[PDB]
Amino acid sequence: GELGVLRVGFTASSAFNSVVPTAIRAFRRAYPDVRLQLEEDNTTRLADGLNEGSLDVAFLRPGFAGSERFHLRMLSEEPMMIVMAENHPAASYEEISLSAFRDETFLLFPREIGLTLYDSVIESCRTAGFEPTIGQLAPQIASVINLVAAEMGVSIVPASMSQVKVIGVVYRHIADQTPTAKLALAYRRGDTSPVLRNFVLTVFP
């Protein structure tokens, strides 16, 4: 499996986690004659792509319905952080608890694209003792961060999204809970393709 093409998907936020570019670069160097066709889409779409054979492997968020039909190998777990406007009152706090936002508007992406990550944001607020008020939905976490800059609310994001230094936003660690965003390598059961095997073994030497 030194020649051919591999269709590799990942979520938009997952690309900001170092494991994704690290794996892509490592595979390209070890197997230069395998063309990587890269697709950026959310976990719901990536799982469907794996199921229908339009993707060969994906960096996605584990836990979705039917995930037991695929192989899932954990690649990164990272804390979740609050993103807020620089002038938000909580930005002056020495320690940030989620209860400070019990009456704040949360911006999010539409649940249907990534149920597990969306639900983990809601449950984080529930663990802090409140039902969050969800305001404007935006398509991706980067889109949400840009609306946070316009003071439309706050959000909770994978820690690696703190690289997205939109002017006028700040990222803070959460004093509660330690909610975590998870990234796994996903691929079909009983797909014995040697190219896929070479990719999986590159990601997990």
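The numbering used is simple: start at 1 and walk along the sequence shown.
Look at the mean CA B-factor for 95-103 and for 115-123 in the entry; the higher one is 95-103.
In this crystal structure, the stretch out of 33-41 and 157-165 whose C-alpha atoms carry the higher mean B factor is 33-41. Looking at the C-alpha B-factors along this chain, the one for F59 belongs to the lowest third. When the CA B factors of the chain's modelled residues are split into thirds, the value for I134 lands in the middle one. Compared with the other modelled residues of the chain, the Cα B-factor recorded for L108 ranks in the lowest third. In the PDB entry, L50 places in the middle third of its chain by CA B-factor. Sorting the modelled residues of the chain by their CA temperature factor places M80 in the middle third.
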